[PDB]
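Positions 4 to 64, 68 to 238 (the deposited numbering) are the ones given, in order, by the sequence shown.
Structure record follows, encoded as structure tokens.
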Amino acid sequence: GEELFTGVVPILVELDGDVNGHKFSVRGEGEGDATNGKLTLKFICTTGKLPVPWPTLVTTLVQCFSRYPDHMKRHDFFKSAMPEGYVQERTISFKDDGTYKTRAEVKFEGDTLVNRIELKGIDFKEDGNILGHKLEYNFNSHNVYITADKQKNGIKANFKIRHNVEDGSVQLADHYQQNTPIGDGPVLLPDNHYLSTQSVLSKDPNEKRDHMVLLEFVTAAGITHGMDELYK
Ligand code: NA
Ligand code: NA
Ligand code: NA
Ligand code: NA
């Protein structure tokens, strides 16, 4: 619930990946401040160079750090499933290119929130925008649209990421998401709403390994009832 997230929480991310047979691992470390909707993380490809552009992994690499406004807090499924956690699964379909499938478990290990991920990518073009590394090192802002999944006692989400390509074109990545609580504990199943996300990608000038520094801001919106500040 909310009490686990009222201060600054350490984060660990571990990803094991295979894209078109190319095997890689990523580790990330940082901290999250859900009260303010802010995350800061640094990721390293621990196996060497990454075979896909870092921007294509941003969405896979802890929506429990979203800032839900007071009037919407009963719609925060993510924190309601903590500390036991949830399984997050996605299909990410890159237009005119391959597809990632991801399975992650997000849960507390003591005082650290841990995101452990397996990613499998198939059908990528050897010199498309992904395996050909034609994407700019940046990120546009997007909304994540959430709906309840009563049958699974969780949520589904959908969104479309627009990755800037170096030639001025845009590479679409259609995201389909499911989240299911771990274990049998009660959860909050939300009304439809969205998360508004803004990400800044940068580099550590003192880091020789292939890496990504990430600052993210995430708020929830899309429900107005109960917010008395909007009356007048
Ligand atoms: Na709570
Ligand atoms: Na990159
Ligand atoms: Na838009
Ligand atoms: Na952004």
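Think of the CB as a built atom: it goes at the ideal place given N, C-alpha and C, for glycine as much as any other residue.
Self-check item: Three-state secondary structure (DSSP) of residue 1
Solution: One cannot answer for residue 1 here, as it falls past the ends of the chain, which runs 4 to 238.
Exercise. With a cut-off of 5 Å, give the chain-ordered residues whose Cβ is closer than this to any heavy atom of ligand 4.
Key: Residues with a Cβ closer than 5 Å to any heavy atom of ligand 4, in chain order: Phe145, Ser147, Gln204 and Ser205.
Quiz item: Using DSSP with H/G/I as helix, E/B as strand and the rest coil, what is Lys140?
Solution: It is coil, neither helix nor strand.
Quiz prompt | Three-state class that DSSP yields for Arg80 in the structure shown | solution = Note: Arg80 maps to helix in three-state DSSP.
Quiz item: To the nearest angstrom, how far is it from the Cα of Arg215 to the Cα of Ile47?
Solution: When rounded, the distance between both Cα atoms is 7 Å.
Self-check item: Simplified DSSP assignment, three categories, for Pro192
Solution: Coil, per DSSP.
Self-check item: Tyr200 beta carbon near ligand 2 (any heavy atom closer than 7 Å)
Solution: Answer for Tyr200: no, Cβ out of range of ligand 2.
Quiz item: For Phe100, which option in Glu235, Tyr182 and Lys45 has the closest C-alpha, if you only look at C-alpha atoms?
Solution: In terms of Cα proximity to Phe100, the closest of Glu235, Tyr182 and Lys45 is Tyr182.
Practice problem: Identify every residue that forms a DSSP beta bridge with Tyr182. | Solution: DSSP lists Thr97 and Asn164 as partners of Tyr182.
Practice problem: Answer with buried or exposed for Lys113, where buried requires no fewer than 16 other C-beta atoms within 10 angstroms of its C-beta. | Solution: Residue environment: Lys113 is assigned as buried (16 or more neighbouring CB atoms within 10 Å of its CB, all protein chains considered).
Quiz item: Which of helix, strand or coil does DSSP assign to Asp234?
Solution: In this structure, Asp234 counts as helix in the three-state DSSP scheme.
Self-check item: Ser72 (DSSP reduced to helix, strand or coil)
Solution: Note: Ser72 maps to coil in three-state DSSP.
Quiz prompt | Closer than 6 Å: residues whose CB approaches a heavy atom of ligand 2 | solution = Qualifying residues, in the order they occur: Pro56, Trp57 and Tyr143.
Quiz item: Out of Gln177, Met233 and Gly40, which has the shortest C-alpha to C-alpha gap to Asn135?
Solution: The candidate whose alpha carbon is nearest that of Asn135 is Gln177.
Quiz item: Mind checking whether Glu5 and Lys79 have CB atoms under 8 Å apart?
Solution: Yes, they are a contact pair.
Practice problem: Reducing DSSP to helix, strand and coil, say where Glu32 ends up. | Solution: Residue state, collapsed to three classes: strand.
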